[PDB]
Amino acid sequence: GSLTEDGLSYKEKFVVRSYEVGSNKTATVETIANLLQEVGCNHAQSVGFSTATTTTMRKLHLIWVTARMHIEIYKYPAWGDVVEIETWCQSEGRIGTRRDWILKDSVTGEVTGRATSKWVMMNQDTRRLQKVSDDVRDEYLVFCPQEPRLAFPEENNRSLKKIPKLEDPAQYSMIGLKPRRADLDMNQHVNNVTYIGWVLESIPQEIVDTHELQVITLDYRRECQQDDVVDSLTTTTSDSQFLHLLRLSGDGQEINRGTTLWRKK
Amino acid sequence: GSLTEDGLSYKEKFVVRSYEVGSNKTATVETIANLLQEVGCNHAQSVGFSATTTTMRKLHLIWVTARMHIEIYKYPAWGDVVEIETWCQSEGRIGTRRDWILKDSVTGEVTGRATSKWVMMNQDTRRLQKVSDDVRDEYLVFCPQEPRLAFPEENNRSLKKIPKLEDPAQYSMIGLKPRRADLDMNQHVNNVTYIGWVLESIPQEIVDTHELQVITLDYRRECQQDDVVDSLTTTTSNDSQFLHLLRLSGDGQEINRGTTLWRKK
Ligand SMILES: Nc1cccc(OCc2ccccc2)c1
Ligand SMILES: Nc1cccc(OCc2ccccc2)c1
Ligand SMILES: Nc1cccc(OCc2ccccc2)c1
Ligand SMILES: Nc1cccc(OCc2ccccc2)c1
């Protein structure tokens, strides 16, 4: 992978692996999400971040954390195919930061998917959210395009829709979900992609066998700790559309909420 | 990746990814195992497999793993390039063996080795059988015909008999269930998921203070998508050795047994 000519975006190619595909021999949405993280990390490294935070951030013990992830897939790449992913970041003033991605088939050059994520500042120790200070923005603004560059430009698009809270009883559920060590990242936190998998676990297998996932919007409200247990809840709201809710098994504390849109095969 | 000059082995390079590493910023043993599967599949594809021979497809037979043995000297770091060489050998009418050698691409030093024993099985009835002479003649032309062992040594760990753990186990992790990401393209639980489940019952303190040097795992029976597993471990031993057992949560049917060897950091 490499920074583009202007140094304001990063591109990387990936060959889809045998264990990365589902029953139709195409990449799962979790494989796509993992690739989005990898190209994101390679972009941060290429622009000088140490092995993820600016100078003012490390001084105040602040980190970027995902508040929302939105992914739209038109075609899932096949096992052995080469997918090219371009990524960039944009300041959203004092609110936070946005990271966007564009996925293309390397052989045809056609856009096969797009993603957008909203990040907010948080104290690493207290978990308290904060606005982006003047000093932090000045430090990372030089690595972003300064005029708008949106993966989802269209007005009233799906990435900005407000998601409601699922009401009990849920139509479908998968309970007792727990992370194993492979679900943890280098910092021993549950990987953001694991939550996508947990959301999808409550979708009936018949829907998965007869439909393709076209869109997924996921809000991240609270982290699942390594010793926590999660219940995944889903209700059809409709193409098939679903409303999702992940909550802690015991006290019912919300950790995520989301929506999925599926197209008939 | 590519076949070597003689066409009797295959090599491929992999760059270690951000989400593939643990707390020490080095590849987990499950990431290594996944890479072993990928290079294995790329080798089968390079030698003409659509992976079953003509006689195998007619008799509805497949290769299935009976045992996996991995030894790691150094886990590659995040961003490092690891080169893996793989080959197969006929083991007469008993079955087949696939071996691997892992090297640091920059230094050329051997950083790990692996060996696996495969047996023929009817895809539908799950009944094991010997390798017929017709099947052997079909794949022998893709193997070195003189011995080529990743584990040559006389009384090496790869061929040790593993006993059955007796209740009560010293440590346990109960209620483990596969999610969709744990399944392969054929909707079977991926062989690497069982390695993760075995390791779940090792206490976190051992993981934090030791590095896994050796893992031997026997595959006795499959965990179905709707099954629940219990992972059991007892210390048998500066090095720490453990005895492992995976069994179905309800009836206690054995699915795997194994051993691990850990060295102090
Ligand atoms: N941890 C990480 C690192 C780099 C980018 C990144 O993008 C946000 C995201 C990716 C996949 C799923 C959900 C959110 C996340
Ligand atoms: N923690 C983390 C992980 C992965 C990517 C990342 O992006 C930082 C960044 C790169 C380029 C421009 C602006 C910001 C931060
Ligand atoms: N499914 C598969 C495909 C190709 C090679 C392969 O090697 C055996 C193995 C690898 C990793 C863990 C346990 C066993 C397995
Ligand atoms: N089912 C399966 C999956 C992955 C590899 C594989 O190896 C087949 C093979 C390749 C080269 C020589 C002899 C045999 C079989």
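Lettering of chains follows the sequences in order, A, B, ..., and the numbering in each one begins at 1.
Only the side chain of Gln45(B) comes within contact range of chain A, with heavy atoms under 4.5 Å apart. Of the atoms belonging to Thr28(B), not a single heavy atom falls under 4.5 Å from chain A. Contact annotation for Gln226(A): only side-chain heavy atoms (C-beta onward) come within less than 4.5 Å of a heavy atom of chain B. For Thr51(A), the parts lying under 4.5 angstrom from a heavy atom of chain B are both the backbone and the side chain. The contact between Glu30(B) and chain A is made entirely by side chain atoms (from C-beta outward), counting heavy-atom distances below 4.5 Å.
The number of heavy atoms from other shown groups lying within 6.0 Å of NZ (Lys74(B)) does not exceed 12. Within a 6.0 Å sphere centred on CD1 of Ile175(A), other residues, nucleotides and ligands contribute 12 heavy atoms or fewer. Enclosure of atom CZ in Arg263(A) by more than 12 non-hydrogen atoms of other residues, nucleotides or ligands within 6.0 angstrom is indicated. Within a 6.0 Å sphere centred on NZ of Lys103(B), heavy atoms belonging to other residues, nucleotides or ligands number 12 at most. Atom NZ of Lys264(B) has 12 or fewer neighbouring heavy atoms from other residues, nucleotides or ligands inside a 6.0 Å radius. More than 12 heavy atoms of other shown residues, nucleotides or ligands fall within 6.0 angstrom of atom CZ in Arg126(B). The environment of CD in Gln204(B) is crowded: more than 12 heavy-atom neighbours from other residues, nucleotides or ligands sit within 6.0 Å. Within 6.0 Å of the CZ atom in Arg222(A), the count of heavy atoms belonging to other residues, nucleotides or ligands does not exceed 12.
With respect to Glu12(A) and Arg17(B), no salt bridge is recorded, no charged nitrogen being found less than 4.0 Å from a carboxylate O.
When all heavy atoms of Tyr19(B) and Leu35(A) are compared, the pair lying nearest together is OH-CD2, 4.1 Å.
At a heavy-atom cut-off of under 4.5 Å, chain B is reached by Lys178(A), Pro179(A), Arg180(A), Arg181(A), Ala182(A), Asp183(A), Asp185(A), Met186(A), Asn187(A), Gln188(A), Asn191(A), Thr194(A), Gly197(A), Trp198(A) from residues 178-198 of chain A, listed in order of number.
With sequence neighbours left out, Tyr172(A) forms a ring-ring contact (aromatic ring centres under 6.0 Å, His included) with no residue at all.
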